[PDB]
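One structure below.
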Amino acid sequence: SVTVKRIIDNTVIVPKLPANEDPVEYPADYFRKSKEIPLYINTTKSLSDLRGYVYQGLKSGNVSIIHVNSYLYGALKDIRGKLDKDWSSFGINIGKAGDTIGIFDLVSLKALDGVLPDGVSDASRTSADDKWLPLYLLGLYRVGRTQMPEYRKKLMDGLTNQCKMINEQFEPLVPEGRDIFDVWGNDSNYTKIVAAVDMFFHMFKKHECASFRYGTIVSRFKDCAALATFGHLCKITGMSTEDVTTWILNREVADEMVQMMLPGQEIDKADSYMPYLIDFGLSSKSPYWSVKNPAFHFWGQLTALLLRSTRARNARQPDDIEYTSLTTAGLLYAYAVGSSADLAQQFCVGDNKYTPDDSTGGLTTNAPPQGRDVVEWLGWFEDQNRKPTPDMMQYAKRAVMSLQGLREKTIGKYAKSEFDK
Amino acid sequence: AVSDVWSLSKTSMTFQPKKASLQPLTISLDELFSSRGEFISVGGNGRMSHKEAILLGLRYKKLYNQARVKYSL
Amino acid sequence: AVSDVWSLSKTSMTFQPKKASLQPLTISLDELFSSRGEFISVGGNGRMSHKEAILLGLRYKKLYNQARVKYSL
């Protein structure tokens, strides 16, 4: 290690900071000490009798948690799908070609409480299950994560998909309408239900019960916003995953990308457990969280913003990262992308243009590099005393100056404060 | 022309490109210097090699490192 | 005139049009360049050919690639 001494009297000082471990947990590590996904659902104590329990519990608030699990179970466990191709994930194969399979093929276990203190039951209940009633319960995980003025925007269509079947019925109230759904996300069995449903119909899309994915689709990749940022950055720049990574100019971002891309996580696999790594309890610390990739979040999102992103505006500004360096890297990358458009003929009728030999000339090279090669741009930047030019400053100023209604502690709020003054 | 290195201000150098399909960079001494006010300010002395006066003379156009990886400069 | 290639300023090249009914482009070195400061900054010296200086000469109005596909250049 490095030795530090004080100059005035030649004494040794050892700079110390409080330990900060807290490492990320990969989906593949779960399958080296376990081979099943435990789903503790209490034995179905009378099928039709449960439909009255939750019908009133959601009607006038305070519903039983374990009763919701069993009702969804005893209704969805009869949906069967014909396995076209073989299926495997992380070691355990859940079937093969020709076989029939159900939603709850993940390993079901039985809870030991039975019935929670008598929840208010209801007598008047006909065949409303399998139609619209179980679909409504799954879609309350979606509303249980949004607290902004968008909860009366997603629950809007929630009382439209249930009307497709038979009747138009609304359960939760106005004041304490959202104070009962955020509890559900804490119950690990409920998260395992909505994830298994979404995973099932992702395989069997042509089945008519796929419509259930209305309130289950938000689960797919819930804790993978860092991978979303990567995807978004590739689309907005138009360049490939490999070429984008070669534009990483900061060490902390490099660390995070290496962490994000660790081999053998089934990241690009079709039909896998990985997308639902928290909901299936495969991980308690997502390696694909934005919070665990703060530098890459900031850098990736700022660059996207400067390239006219609609999403990056209101993205969180992370704490405890080297803002000034990530800004320069982001400015240079965006300036490089922004200066050099694609621009090439795609179709022709008689004649077409080419220029694969003619690059410059010419000595009119008082201008930035031609393409998007990071090497040429780093060389060109080195010629500017590693300092952003009036041109880049202006470019970034144009990119932000129009922005309006920016929130505290967002990348939008940051960028404007930085480039427009 | 003064001084001792300003005599080679008319003849040009040819640098071989590093990329498979690219035009070779042709450069002369007076293309990177105005007269004497620019030549004395940067670091141009009387005693200089023709290559060293070109290489270290790459400042007026602001392209030393960019021409270093694009061409065999 | 100085340098060696500047003596070709008055005489002009004629470029054949690539399209049938189009008038040939007749261009000279005097039209493409200002006086001396413009010529001794772009890469034009005196060791060049007449064609090499004409092909480099497309810079004053910025018209190389436009004349490349329109004419037999």
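Following Swiss-Prot, chain A residues are numbered 2-422, in order.
For this deposited structure, the header notes the method as X-ray crystallography, 2.7 Å.
Keep in mind that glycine also has a Cβ here, set from the backbone N, Cα and C atoms.
Record features (Swiss-Prot):
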{"type": "BINDING", "residues": "A:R143, A:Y152, A:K206, A:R214, A:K286, A:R317, A:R408", "note": "RNA binding site"}
{"type": "REGION", "residues": "A:350-390", "note": "region 'Interaction with the phosphoprotein'"}
*asked:* With Cβ-Cβ distance below 8 Å and at least 6 positions apart along the chain, what are the contacts of A:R408 (RNA binding site)? List them in sequence order.
replied: A:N315, A:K414
*Near the Cβ of A:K206 (RNA binding site), how many other Cβ atoms are there if near means within 10 Å?*
8
*Among the binding-site residues listed here, A:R143, A:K286, A:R317, which has the most company in the form of other Cβ atoms within 10 Å of its Cβ?*
A:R143
*Filtered binding-site residues - A:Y152, A:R214, A:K286, A:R408 - keeping only those with Cβ under 8 Å from chain B*: none
*Using a 10 angstroms cut-off on Cβ to Cβ distances, just flag whichever of A:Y152, A:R214 is the loneliest among these binding-site residues.*
A:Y152
*Provide the three-state secondary structure of A:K206 (RNA binding site) computed with DSSP.*
coil
*asked:* Let me make sure I understand the span of the RNA site: among A:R143, A:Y152, A:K206, A:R214, A:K286, A:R317, A:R408, what is the greatest distance between any two Cα atoms, in Å?
replied: 39
*asked:* According to DSSP, does A:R408 (RNA binding site) sit in a helix, a strand, or coil?
replied: coil
